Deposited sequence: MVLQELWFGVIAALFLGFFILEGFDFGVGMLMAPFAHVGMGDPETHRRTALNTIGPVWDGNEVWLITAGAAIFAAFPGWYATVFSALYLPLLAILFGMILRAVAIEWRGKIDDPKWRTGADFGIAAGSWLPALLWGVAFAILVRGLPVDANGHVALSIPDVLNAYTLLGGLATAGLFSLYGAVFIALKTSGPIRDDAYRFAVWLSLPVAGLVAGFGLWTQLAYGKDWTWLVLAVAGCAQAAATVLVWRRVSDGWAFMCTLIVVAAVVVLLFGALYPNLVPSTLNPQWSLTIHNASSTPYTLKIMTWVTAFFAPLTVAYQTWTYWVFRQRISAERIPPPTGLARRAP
């Protein structure tokens, strides 16, 4: 019914916001190591400093929304995909403590461990989430009883591995244009240097994964979404060679990330956990959803707090909209080891 279909887009929007906001957060994390090849690492980290916690909650809200709206969907994907999600949590945990504790102790060995935690919390989520969403679009061996009995080839195949590399490459390009917009000076120039190198290889991964999803699982209306992604990617590709705009460059890359979420969720409709053995046993938005009263009660709460959440989250980015340079970085106030 209506509420069942409406909440499918609300969960997709929560994952949409997670990919838009945490997408460049992951890109910053995997671009700190090539920046050195200390001041540049801190400048890039401070771009996502006051927003990394808020950005992350979108994944937490999306995960809890699924639990409340579609209890069967929550208890199937997170149960079947136990191993890929285990490494996602492992990285996230390290990044949640490495960002805050990096500047607590002034010691090169202390920061080396903190950089690993940030890298672990930015590489694994960038790679595995693309695989996790590719698995859902491809499907899972769900039987009539609801069990999955996941196997190795059902996770690491040609389609899922391409999706993981595409999202990780897109996030790296997403973080490259985000730093170039939030920084100025030599650090901004280095962001465009990697953006050019991450322009063509990433575009092929996104186009290849997008075309594969469209030709195998996409619908008729999803062709426009792929066309927008292609146009956005081509616009974003040419906006980095010549740095005419930072915002346009970031906005065009934002559309590419947004179009991937719509394309993945557009193909994952109305099925939530497609069954590769029998499509009748697949989990849909009708046989795995909650009652209308629960979806109704959650609708009023979502319609009040989700628009309110974007109100101050956007204002939070407006407060720290000023670009930060190497001269604006405060001296390291870390204790001796």
Revision key, fill the gap. Note to self, deposited ranges with zero CA coordinates are 38-43, 344-346
